[PDB]
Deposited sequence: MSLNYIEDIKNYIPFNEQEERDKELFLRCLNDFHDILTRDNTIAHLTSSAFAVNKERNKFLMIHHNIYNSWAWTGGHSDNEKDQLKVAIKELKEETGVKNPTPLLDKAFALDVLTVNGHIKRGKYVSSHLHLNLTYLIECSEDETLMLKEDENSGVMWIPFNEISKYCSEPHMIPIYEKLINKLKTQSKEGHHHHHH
C-alpha cells in the first residue's frame, strides 16, 4: 500500500499514535521528500514486528555495544514500498529466509529520535525517523544468524521488559503486543 495514503488512512491505536500521526502529516505537508536521507530533519523508516505462529514471541536482534535487544528495521532510502523495506531489513539483520507478512498496511506508527553521530567520518545531525511497523510472521524453524548487531533471538512477549533495556522503546513494544492481542 502506497506509503502516503497508507499513512493518511492509518488508524491510531492510542494517544501516542494520534499525536505521532499528526507529526507525520505535518512532515508530508512541509517536505516534498520524506523518503530519503536528503531530508536531514525527518524521513521514513520501516520496522518488523516479527512474530511466531503461536504469537508467543518477538524476533529481535542484540545491538552491538549495548546489552539491549530491539526489533529490526531501516531507512526507506527512496523505496516507496515500506513493507518491502521492513522485510529486507529483517532478513539481513536476523538471517531469516522466508518471512511472511500477515498484513499489507502499517501495523504501527511511531516518530523516533536519532541522536547526531558520525558515520564514515561524516557527522549526521540529530533527526526524526517516521517509522511504520509491519506485522510479519517467521518460522521458529528458521536458522538465526547475526550481522556484524551481536545476536538474534526469539523473545517472549511477557519478558520483553526483561530483555529490552531501552526505556523508551518498551512502551512501543508493549503497544505492538497489546494491539496484536486485540485480534
query	finding
Stretches with no C-alpha atoms in the model, relative to the deposited sequence starting at 1	1 to 2, 151 to 152, 188 to 197
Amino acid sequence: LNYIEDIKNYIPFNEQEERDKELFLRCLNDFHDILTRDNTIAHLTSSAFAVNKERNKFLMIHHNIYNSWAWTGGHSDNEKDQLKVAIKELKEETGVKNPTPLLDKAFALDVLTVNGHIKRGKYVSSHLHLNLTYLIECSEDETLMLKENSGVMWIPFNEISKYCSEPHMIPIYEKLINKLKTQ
From here on, numbers count along this sequence of modelled residues.
{"query": "82 to 90 versus 109 to 117 - which carries the larger mean C-alpha B factor in the record", "finding": "82 to 90"}
{"query": "Mean temperature factor over C-alpha atoms, higher-scoring stretch between 163 to 171 and 9 to 17", "finding": "163 to 171"}
{"query": "Of the residues 54, 137, 30, 38, the one carrying the largest Cα B-factor as recorded", "finding": "54"}
{"query": "Which of 122, 26, 62, 127 ranks first by CA B-factor in the deposited coordinates", "finding": "62"}
{"query": "Where the record places residue 66 (Cα B-factor, split into thirds across the chain)", "finding": "highest"}
{"query": "Entry-reported Cα temperature factor of residue 132, expressed as the chain third it lands in", "finding": "lowest"}
{"query": "Entry-reported Cα temperature factor of residue 44, expressed as the chain third it lands in", "finding": "lowest"}
{"query": "Third of the chain, ranked by Cα B-factor, where residue 153 sits", "finding": "middle"}
